[PDB]
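Chemist: Below is the structure I would like to discuss, written out as structure tokens.
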Amino acid sequence: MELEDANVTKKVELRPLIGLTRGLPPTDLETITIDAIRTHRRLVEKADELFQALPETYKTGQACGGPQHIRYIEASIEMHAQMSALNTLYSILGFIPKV
Amino acid sequence: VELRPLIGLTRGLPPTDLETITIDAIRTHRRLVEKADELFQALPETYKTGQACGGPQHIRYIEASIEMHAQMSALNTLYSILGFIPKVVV
């Protein structure tokens with residue numbers, strides 16, 4: 001499928017994705033990755049929106065702890081974890097698809 | 001540490017909140033394993049033996065598995081940051 005960036009500084013970070021995707025038809029690996037890209041972008045947007053809605057004392061470090069902060073931290077954890085998977089998919093695919 | 005960004009992200013968070021997040025992360029891991037397991041069990045036998053692969057249903061199982069593996073890497077990181085795996089009643 002259309003490419004964004006060829007030759008990636010590949011890093012399989014999530015070992016089990018190799019077995020999971022071994023044997024898949026190319027188009028299905030592509031579908032999975034494109035969907036992961038879109039999930040990636042939504043997760044980033046969520047995390048960033050939560051960070052911005054934080055009271056200004058939280059951003060600066062003044063404040064910390066508490067539900068709201070925890071919700072932000074959880075959304076960022078989801079984003080970082082899913083980005084690991086996305087990087088792994090790029091490694092397996094060999095390129096970064098254009099979306 | 002499997003997911004290095006988590007160290008910076010959690011720096012300064014009170015220990016109680018860290019431990020609450022990690023306990024919720026165990027619950028989440030257990031739910032994600034359960035879902036992956038449900039989807040695998042529902043796959044046609046050809047796919048459960050690895051004779052066949054691909055198609056939407058198989059894709060949905062792979063995506064559930066990917067979710068589970070990515071979350072687990074977060075959870076293992078949380079353990080390292082916290083210094084322990086908390087007791088969780090299951």
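Starting from 1 in every chain, residues are counted up; chains themselves are A, B, ... following the order of the structure tokens, and ligands are numbered from 1 as listed.
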Per DSSP on the backbone, what are the helix (DSSP H, G or I) residues of chain A, as a PyMOL selection string?

Modeler: chain A and resi 16-21+26-53+56-60+67-93

Chemist: Residues of chain B within 8 Å of chain A, using only C-alpha atoms, as a list in words?

Modeler: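 Taken together, these residues fit the definition: residues 3, 5, 6, 9, 10, 12, 13, 14, 17, 21, 53, 54, 55, 59, 62, 63, 66, 67, 69, 70, 71, 73 and 74 of chain B.
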
Chemist: Could you list, as a PyMOL selection string, every residue within 8 Å of stretch 80-86 of chain B, counting only C-alpha atoms and ignoring same-chain residues fewer than 2 positions away?

Modeler: chain B and resi 1+7+15+18-19+22-23+76-78+88

Chemist: Write a file of the just-selected residues containing N, CA and C atoms, as a CSV table (one decimal), in the first residue's frame.

Modeler:
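Output file result27.csv follows:
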chain,number,residue,atom,x,y,z
B,1,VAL,N,13.4,-2.2,32.1
B,1,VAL,CA,12.0,-1.6,31.9
B,1,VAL,C,11.5,-1.8,30.5
B,7,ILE,N,8.6,5.9,33.1
B,7,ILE,CA,9.4,6.3,34.3
B,7,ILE,C,9.2,7.7,34.4
B,15,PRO,N,2.9,7.4,45.9
B,15,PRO,CA,3.0,5.9,45.9
B,15,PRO,C,1.6,5.3,46.0
B,18,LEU,N,0.3,5.4,42.5
B,18,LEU,CA,1.1,4.4,41.7
B,18,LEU,C,0.5,3.0,41.9
B,19,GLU,N,0.3,2.7,43.2
B,19,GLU,CA,-0.2,1.4,43.5
B,19,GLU,C,-1.6,1.3,43.1
B,22,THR,N,-1.4,0.4,39.3
B,22,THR,CA,-0.8,-0.9,39.0
B,22,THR,C,-1.8,-2.0,39.3
B,23,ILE,N,-2.6,-1.8,40.4
B,23,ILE,CA,-3.7,-2.8,40.6
B,23,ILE,C,-4.7,-2.7,39.5
B,76,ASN,N,4.2,-4.7,33.3
B,76,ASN,CA,5.6,-5.1,33.8
B,76,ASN,C,6.4,-3.9,34.2
B,77,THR,N,6.3,-2.8,33.5
B,77,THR,CA,7.0,-1.6,33.8
B,77,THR,C,6.5,-1.0,35.1
B,78,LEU,N,5.2,-1.0,35.3
B,78,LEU,CA,4.7,-0.5,36.5
B,78,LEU,C,5.2,-1.2,37.7
B,88,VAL,N,-3.5,-8.8,44.8
B,88,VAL,CA,-4.8,-8.6,44.2
B,88,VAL,C,-5.6,-9.8,44.3

Chemist: Leaving out residue A:6 and any residue of its chain fewer than 6 positions from it, which residues lie within 8 Å of it when counting only C-alpha atoms, given as a list in words?

Modeler: residues 94, 95 and 96 of chain A

Chemist: May I ask which of the residues B:75, B:60, B:2, B:8 is the closest one to residue B:40, counting only C-alpha atoms?

Modeler: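 Residue with the minimum atom-to-atom distance to residue B:40: B:60.
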